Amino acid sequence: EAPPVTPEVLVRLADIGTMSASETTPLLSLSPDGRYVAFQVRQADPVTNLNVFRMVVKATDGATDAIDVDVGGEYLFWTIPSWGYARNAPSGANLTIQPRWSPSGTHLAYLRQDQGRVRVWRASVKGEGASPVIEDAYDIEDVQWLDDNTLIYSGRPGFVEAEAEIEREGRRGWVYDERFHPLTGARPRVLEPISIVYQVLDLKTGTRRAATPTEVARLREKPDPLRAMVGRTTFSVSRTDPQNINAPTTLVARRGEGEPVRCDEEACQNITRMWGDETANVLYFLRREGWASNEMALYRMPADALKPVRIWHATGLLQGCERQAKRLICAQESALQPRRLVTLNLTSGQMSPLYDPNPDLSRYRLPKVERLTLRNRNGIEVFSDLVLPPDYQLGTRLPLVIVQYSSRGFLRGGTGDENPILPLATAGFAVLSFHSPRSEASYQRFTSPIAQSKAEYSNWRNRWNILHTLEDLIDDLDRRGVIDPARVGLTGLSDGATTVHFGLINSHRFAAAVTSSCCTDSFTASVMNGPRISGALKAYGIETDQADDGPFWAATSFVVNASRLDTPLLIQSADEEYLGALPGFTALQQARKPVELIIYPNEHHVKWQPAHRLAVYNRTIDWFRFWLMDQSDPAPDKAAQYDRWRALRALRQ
């Protein structure tokens, strides 16, 4: 008994904050008096094809049930300026919603989207009440309480004027130039600089005014998680070579007026977040440690010395932690534990559940998880997780699917929540959840990440190191008699997608592949990016001025390598990215290789519509079952699909 984890289960697991939340992601808020925590829960429904967002308030003593103080809103895309463009096309990730408590602890203020416009809403924390509150010609980008009746908010109306100006310029046609990014649309994009504007709303009158410079500086300033004060000691973090972006940082203590003192313990290196507590005479800090930085660890350090002692450590992630007296309230995530709310006892180590918006996942028949560790041929430590089917007996050689994850925590879908780790194991695959190790270049001295990127791309050195690491991991599971090395699938999104294309060209390790985007070639990196991004990628080592048949692009281009590429490839692409795939896809078809391209409408680099996500999950499982198990699902609504694939398999004669 006990039900299995299926794609239908997976896509419905609720989540908190942006998909790729890490230690400083502000996904939760403590009330001023620390008795309540506020956080948004997101739950995807593949049947309605909508996400259900709720604003939640739970009491930190865990005595009362949580309360939905708001329900509803559309998926709000997280957006940043990025290439000198003011607002790029959405990556597809949801904005983390940070609820803002009123000074009284009475209301929350938070951004919410309806009818494609982002507003400020206010909510009774219990006495329940919906109601939008601030609305403008532009989306509200941020909001704070100045007092219990006054709100300050930010946004960019000059962005909306610039769009209106682009519309006017079109009457005579636009010059194709720096403003264009063809892959994502046929209109000029707004260029930076676009100013941010701060206004304040009186909730008693309904009046807006400008914000005073003092009020601006209170909204525009953000707390530093790598600085803390305890009495007269200022704690901070620094390097002995401050311009080397890869030099490790050390905790530093500035005692009153005196010179900064550096901490000597190895535990003091590479802190990611610190908290000062003046009641206890203590600094607390968070960091990553262990083999290949695979674990989280929390340290407690009596503030009058520099001798931190570890009080908690685990695999997984802790996110958005805030201190209430002797407690840290955190979001926490782990291989078999989706993101939940938790309490950490700041004197003992003890972690305790606070809020889990999903059932206990242990009520399902869960795959078995094991962490793999090795050192690769460059001498660099590597970790990854091996996921095995629930009823697995050592002695059965399994087909293997490789899912790439650029973050940590719950075994969900890898980097874009795109490849269903636990459902695949339920279907009988071994699954490698692969965490690419540090590059060689990252141990050397660089003053700029752009120059580091360039050295990583030189002769695809880091790509080779990534591929060799994958091969080391496969070999390890082959020695254990766990996998069949002739039945290894590879999947990937974002950086994982480039590793897929490189891996299919430069080895024979893979018998099938899935990717969410195509084509590491000059067409995609140069033509479809438009001349601005194309010109700028050059400094990162992307040779956008070189031809596809040159030494750089020959390592990855499917146009150039079409006739040697015998790994079956499925491309499940957002419509916003499919243009880049057409030449490579056409070359593979022309060459009679087994390719298939799927196009999802109104999608982004990361996919956001639950029905799309569920169909990706299912097609990818069907794909690998077919190529790596020679199995098909007899379901009638799949009959056209398996005729398509049987014909692709017949091309191999």
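Numbers for residues come from their place in the sequence shown, where the first is 1.
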Stretch with the greater mean C-alpha B-factor as recorded in the entry, comparing 615-623 against 29-37: 29-37
Residue range whose averaged C-alpha B-factor is higher in the record, 528-536 or 253-261: 253-261
Out of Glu471, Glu74, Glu333, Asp566, highest CA B-factor residue: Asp566
Out of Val133, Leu372, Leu493, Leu411, highest CA B-factor residue: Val133
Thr60 CA temperature factor, ranked by third within the chain: highest
Chain-wide C-alpha B factor ranking for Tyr364, given as lowest, middle or highest third: highest
Lowest, middle or highest third - CA B-factor, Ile598: lowest
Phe180, C-alpha B-factor rank within chain (lowest, middle or highest third): middle
Cα B factor band for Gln113 (lowest, middle or highest third within the chain): middle
